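Input: a single structure, listed below in structure tokens.
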Amino acid sequence: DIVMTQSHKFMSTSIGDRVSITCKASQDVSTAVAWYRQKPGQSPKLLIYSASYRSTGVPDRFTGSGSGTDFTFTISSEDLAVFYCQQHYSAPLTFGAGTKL
Amino acid sequence: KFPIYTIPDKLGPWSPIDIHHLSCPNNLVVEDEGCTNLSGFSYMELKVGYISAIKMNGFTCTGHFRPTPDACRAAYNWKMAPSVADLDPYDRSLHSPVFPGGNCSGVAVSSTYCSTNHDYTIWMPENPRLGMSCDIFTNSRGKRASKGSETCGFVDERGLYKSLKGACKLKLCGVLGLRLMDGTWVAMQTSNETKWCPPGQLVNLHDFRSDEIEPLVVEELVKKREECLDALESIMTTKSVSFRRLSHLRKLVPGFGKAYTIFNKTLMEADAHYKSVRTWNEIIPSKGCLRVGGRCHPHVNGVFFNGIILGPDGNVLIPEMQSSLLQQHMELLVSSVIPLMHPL
Amino acid sequence: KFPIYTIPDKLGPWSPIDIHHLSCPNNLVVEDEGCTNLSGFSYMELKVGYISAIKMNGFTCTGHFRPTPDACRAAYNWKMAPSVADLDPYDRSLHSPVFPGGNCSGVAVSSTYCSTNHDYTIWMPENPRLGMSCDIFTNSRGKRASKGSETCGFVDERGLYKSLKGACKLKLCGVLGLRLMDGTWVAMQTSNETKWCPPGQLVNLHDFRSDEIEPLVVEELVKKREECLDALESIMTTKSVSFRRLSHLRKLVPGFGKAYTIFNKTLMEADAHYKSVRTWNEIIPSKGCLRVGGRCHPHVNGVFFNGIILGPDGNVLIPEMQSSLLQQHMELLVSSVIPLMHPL
Amino acid sequence: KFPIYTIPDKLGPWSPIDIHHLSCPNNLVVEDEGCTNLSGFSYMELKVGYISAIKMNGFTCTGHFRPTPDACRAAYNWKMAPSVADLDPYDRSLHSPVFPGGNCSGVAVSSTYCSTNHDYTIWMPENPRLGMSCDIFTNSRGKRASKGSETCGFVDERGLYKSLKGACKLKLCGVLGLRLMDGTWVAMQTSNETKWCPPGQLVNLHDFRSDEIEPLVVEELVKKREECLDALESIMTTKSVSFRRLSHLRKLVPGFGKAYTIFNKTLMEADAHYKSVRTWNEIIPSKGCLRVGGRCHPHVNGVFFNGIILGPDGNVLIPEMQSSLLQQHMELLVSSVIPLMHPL
Amino acid sequence: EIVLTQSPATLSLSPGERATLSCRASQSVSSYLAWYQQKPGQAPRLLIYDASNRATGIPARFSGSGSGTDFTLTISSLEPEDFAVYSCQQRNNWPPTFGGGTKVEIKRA
Amino acid sequence: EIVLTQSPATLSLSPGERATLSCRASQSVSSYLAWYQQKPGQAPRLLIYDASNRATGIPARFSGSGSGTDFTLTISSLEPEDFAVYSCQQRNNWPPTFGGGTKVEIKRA
Amino acid sequence: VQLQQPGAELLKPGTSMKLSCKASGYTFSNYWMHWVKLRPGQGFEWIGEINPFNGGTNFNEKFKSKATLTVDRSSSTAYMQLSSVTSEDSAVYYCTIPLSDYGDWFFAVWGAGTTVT
Amino acid sequence: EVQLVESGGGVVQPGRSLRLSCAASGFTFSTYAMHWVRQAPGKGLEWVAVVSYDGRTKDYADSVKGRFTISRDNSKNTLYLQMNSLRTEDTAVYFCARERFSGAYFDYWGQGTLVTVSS
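Protein chains in written order, with my numbering: chain G, 215 to 315; chain R, 244 to 587; chain F, 244 to 587; chain B, 244 to 587; chain X, 9 to 117; chain P, 9 to 117; chain V, 954 to 1070; chain H, 257 to 375.
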């Protein structure tokens, strides 16, 4: 069911925010991957929809790209939290495990 | 290249019409394949039986003289022991041949009635003097195609690509959606500043060919339109419909359209979502079965729809199928005179 | 490639019909040239005027009330100072529109009469209550084509190849022959165990194209069938026949078929053995002569058959010929209403 | 290759007809470009409204009994407080459907009247018992093409090549000219000993294709003739004309022809000199304007001619234009029954 | 022709246990899917048609689920006669297409 | 496309004098000719249409003449505002075609 | 453009429980509710979606009959009902709607979050 | 008074694309056929393209056909010319002209926007 996979730990570089997060798509997903940022004491925030586009309120430095099954997202804002990847290609929706950063 | 046949995947209720409400199908399909990013989404589309218009199912009462809508209400109660009408969702104006030029704009606030074209006779809604058009949606799913940010079209549950080019914004019970120029209404707000949809409904010019969509394709498109126009003009001049002439009004491409039939010498139409038929074995598995919607479609008096009838031997006679087999049946050529639906 | 015209080589007697007995011709010819050994033989074929069916030439008598077939017999004698019917040779069951669903099975043993569709009126045979179908054969000669031992077909006296593929065994007055699916019956026993011929006569599906006989050929075959069906549907909806619409029912290939004409506003048919016409000079030698069967065919009131009429100036107007010459005559477009042949 | 449309450059007066005076157009153009020496000349051609025939504008009076043409003359004077006829310039013989077989040869010397086909009713000329056909000419200019000495044809003021091949000598009021087989009469004596023109007028066989003018061209010529014949046969069988069926009688090539329309359920014809239309913008500049003769052609009740009508929204609906745009209007399919023009 | 993907190809379980077989279509086949059970040297048997309906004479332990692209066949309690090859067939389009088949086997220590 | 020939290309005169401009068509254009006056850096102005009619708000000194192939524009008295480029346009056939234009200039000693 | 949730809930295993999400600012009738849950460390999983207009709902195949989705449409709130053992189902349940379109599957605004045991 | 103002003309490299816009006022823009007419420097007027009063029928000059695309917006009262594959001799002053209600003539023109096609 389009399993999304990640590596749950990533080292924090602090202000040098040039860390890339990769979410693997088992099946073809085109560009239907969304990126979320959930702080431990906060509700999740949608960051990138359609895997390459900015939603409203997202910081300008944030960006994303990918197609097919690569879906690599580079963090560019604290904001050290776990990041989740879903697929909005086909139901049922499946989220990634999440990479704490 | 049209398919050998098109069969209604989903068929709505049958509502009687006269020969003047018949129309030639839109046999044009738009590809709009300039975008390749696909994202899933859920939406409400208009339920089958409501894509064209919403019916009122009224009645005409004859006094003569001008009656008061109290005795007629009692007379209607005694009579059963009709005459539908269409609203325009943009302005809630009733449409009917009996109405002079249609456009019975005042039904609730302006007045509680509007007379027919004939002065003496009047028409009264069966339901209270208000329009209910809210529970007319069905939930669907699709794959959006949006290029960078502007949506091209979507592929619905039936695998058919429905483009949003030329779509007009239209609001139904608080849900601002888009009325696709193939007919269907889809609950999508992706359109940013597309033009609000004119009250000319589907009778307006569909265009979609002034973009010069392969003039070789438009050649056969115009040829099929001319054949359908010949059939329709014959129907209106003779005032009678045969099954072979009714078979010419079938939509030749998958998508939303109209299905027609004769039930007890009454011309009927229904909303239909046509799907492509590749072989005749798809729709006629057994001897007397027409496979519509995954089941043996129930014929009444031996007629199904779109000129398909049950033969004298019990075989399903599709006029397109019979012509390809070089078989001739007088049953498919018998012309039945359609009585005028609204004399008053 | 159809010829420019086909003319009846042999034409049978004219029998009145209604517009519902009209049928589109079978414009399909089978080659079946897989065998090359030719042997001569003699045979009896059905005489022209009997290939389709054998007529009874009965009468309908009106009392009302139920009459006894004695006063009507006397009344019929006084009246002249009709109403044909067809038998099925497999079972001797009379066929007629007046008979309810046809199939007057009992004519000799079961009963001496069978009533019409209308309850009050009855039909009585002119001849005694028996069927004579014995002196209906003509002697011919041909060249058999039998490959090793199984006959493909034969070339008759007219040089036309008639295949025995799909032929059905049928017995006429003790002569067990074969009914070729082009219509003709031939006194041949060469068939070993071909299926006995069903009682569905020539109305049954002729097949012969499901064998995929050059689908390019079937393209124009279906096109011609559609043109004939358009003409036939127009004839049945308008209930009137013009000579130009009657010209569309002509068989486009040589072989056995039907010839149609209007004699005094009565629709007629006759058995015809069509032959290919290569030039218009073949069939119109002189000014007012139509050459049929090696002679000037006798027109009645100026109409010959298959839409051919005599012009105001005395010229033979063939609708196919006139269209090729880009000439237009209002005489070929005048529609005459055909009175219903069997009101009761 | 026919143009997309042809519009009347010059249109004559409208004269009522019945459906039996309708005719298919001559869509054939002759090139005759074997000569290349061009010389200018001036000539008189027949004025528009007189090329086909010269009208009398008579009346039919009903007594019954045989009236004397004195009370009817007084009755006609009181009635206004008609019934045209055609002369043959070769012999001055009146032509009309009421006349038995036409050919009212005696109008001045033989007798002062000629009765209708019905014995009781009579027809009387409005004008005195004589034929005036002298002031029916208009002055034109052209470029002759005469090879060595025998004229091929000429190019008239409209840039159209009119060939003199097959032209027949005809004299109108002392001016011996030539009646071109495209219909027009031209005051030219260049013909030395061309055959005097038979009294069969334009109903006679136009030939011009037995010369085998590119049989590929005659293929589409015959196809268009068959389409027009289908429309005309439908018109005569149904006895009713729609605008889409009337659009099939339009001349498909520039030159002289007939224009048809329905004015108050009356079938009209007029002499027209058609010109080629290259774009639809040529003839519809603004919203509700049809450009005929350099001006907005005046519609009456919303109908112009040749099936062109004014739409419900005020748009000029040309049936040829609408079909190319894949637009359908029930206004162009409404069949109006044409009352018989001459009951007596 | 659209591809019916059947995963897993091999499904080993034990008697008295629920078996979950999944059929995935290349494109949506609506509700027109069928399940066939075939044993070695025996005619295939129609179990489930229309993705939910049970054929005549079929034990109630066989159930069908799903619509569109993803479907599911479930055996409530695997009896010893239920260890066969199970194949999903659709006809929402021509031609009729089958899945690759899923084999149900008994697991042992 | 038919060629409208306009001669002479240059026409030098003096104020208060008649100016005669001639347009010649490759083939006859009937009476469907138009005359446009255009000044540098200003919108062209329709003077004469149908070869005789005068457009609205046009001074009476502009007149049109001719039919068929040869046409003529005449200014009865050249005012100082009449020294512009004058172009003839026809539509008897598609497409609309213009002449080459004739420039009217003041002559001096 | 906000959804209100209880925040926490306690119940013994094997007992049915119900949730709620009051919302305002978007008329509540045009946006699918898209209920999801956040397992403690195993990541989000999509439970299902419901259309508040007609109550039509779509469920995860793996989840399906575990819970049902209802709606009131009078008070702008949606409800989930659980019919299962509370053990192995202890997670933070979210309700969230898209804003790019009526029924896009990427969620713009989220609920506060409620914890079940 | 009828006013036509055309804008969007400027220097363009050969082979590129330019779009001209003409704004109409003082008349019912939706009931008239609007043309584009260009005048090359030191040359006579040349008709370019026509759009019908509803925009369904469009025609172009032979030297223009296949490259330009005329369009109109009756709601905006604006006329568009979309020049594509611009070549060296496409430079001219482009006028947006209004056709007569009945006639074949351009009764009202615009001031004219100059388009220069050179690298």
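Ideal placement from N, C-alpha and C gives every residue a C-beta, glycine not left out.
A Cβ-Cβ distance of about 7 Å is found for the pair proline 246(B) and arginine 521(B), placing them in contact under the 8 Å criterion. Contact check between the region 559–573 of chain F and the region 481–491 of chain F: three or more CB pairs, one atom from each, fall below 8 Å, which counts as touching.
The beta carbon of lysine 508(B) lies closer than 8 Å to those of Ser579, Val580, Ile581 and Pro582 in the same chain, with the five residues before and after it left out. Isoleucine 505(B) sits close to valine 484(B), with the two beta carbons spaced by under 8 Å. If you draw a straight line from the Cα of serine 977(V) to the Cα of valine 1062(V), it comes to about 12 Å.
Taking 8 Å as the cut-off, the Cβ atoms of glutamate 512(B) and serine 326(B) do not count as close. Residue pairing by DSSP puts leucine 991(V) in a beta bridge opposite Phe997(V) and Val1045(V).
With a 10 Å radius around the Cβ and a threshold of 16 neighbouring Cβ atoms, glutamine 241(G) comes out exposed. Excluding the 5 residues flanking it on each side, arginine 372(B) has same chain C-beta neighbours closer than 8 Å at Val350, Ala351 and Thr355, in chain order.
For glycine 500(B), the closest of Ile294(B), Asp378(B) and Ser285(B) by C-alpha to C-alpha distance is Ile294(B). Straight-line spacing of the CA atoms in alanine 51(P) and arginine 354(H) works out to 12 Å. Our two residues, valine 446(F) and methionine 573(R), have alpha carbons roughly 11 Å apart in a direct line. Contact between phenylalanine 451(F) and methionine 424(F) is confirmed by a C-beta separation of about 7 Å, below the 8 Å threshold. Taking one beta carbon from each stretch, the region 270–279 of chain G and the region 410–424 of chain R have fewer than 3 pairs nearer than 8 Å; the two do not touch.
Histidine 542(F) is positioned such that its CB atom lies no closer than 8 Å to that of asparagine 269(F). By the CB criterion at 8 Å, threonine 110(X) and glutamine 97(X) fall outside the cutoff.
With a beta-carbon spacing of about 6 Å, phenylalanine 302(R) and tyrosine 319(R) fall inside the 8 Å limit used to define contacts.
When C-alpha distances from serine 376(F) are compared across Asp334(F), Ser383(F) and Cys347(F), the shortest belongs to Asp334(F). An exposed status is given to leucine 281(F), since fewer than 16 other beta-carbon atoms sit within 10 Å of its beta-carbon.
In terms of CA proximity to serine 406(R), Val272(R) leads the group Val272(R), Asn544(R), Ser566(R) and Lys244(R).
Setting aside the 5 residues that flank it on each side, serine 39(P) is surrounded in the same chain by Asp58, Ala59 and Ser75, each with a C-beta closer than 6 Å to its C-beta; the list follows chain order.
Distance from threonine 1067(V) to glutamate 962(V) at the Cβ level is roughly 6 Å; contact confirmed, criterion being Cβ atoms closer than 8 Å. Counting along the chain, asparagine 447(F) sits inside no alpha helix (DSSP H), nor does DSSP assign it H or E at all.
Interface residue (Cβ-Cβ distance to chain V less than 8 Å): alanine 305(G) is classified as such. Per DSSP, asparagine 1011(V) is one residue of the beta strand (DSSP E) stretching across 1010–1012.
Between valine 258(H) and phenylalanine 283(H), the gap from beta carbon to beta carbon is short of 8 Å.
It is roughly 23 Å from the alpha-carbon of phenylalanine 285(G) to the alpha-carbon of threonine 1049(V). Around the beta carbon of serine 1053(V), 16 or more other beta carbons sit within 10 angstroms, so the residue counts as buried. Among the CB atoms of chain B, none fall inside 8 Å of the CB of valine 273(R).
Take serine 1037(V), set aside five residues on each side of it, and the residues of its chain with a beta-carbon closer than 6 Å to its own are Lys1019, in chain order. Here the alpha carbons of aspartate 329(F) and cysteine 357(B) stand approximately 55 Å from one another.
Per DSSP, reduced to three states, the secondary structure at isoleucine 56(X) is strand. Non-local beta-carbon contacts of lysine 975(V) in its own chain, meaning distances under 6 Å to residues more than five positions away in sequence, involve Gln957 and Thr1030 in chain order. With a 10 Å radius around the Cβ and a threshold of 16 neighbouring Cβ atoms, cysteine 416(B) comes out exposed. The bridge partners DSSP lists for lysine 238(G) are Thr219(G). Between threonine 372(H) and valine 267(H), the gap from beta carbon to beta carbon is short of 8 Å.
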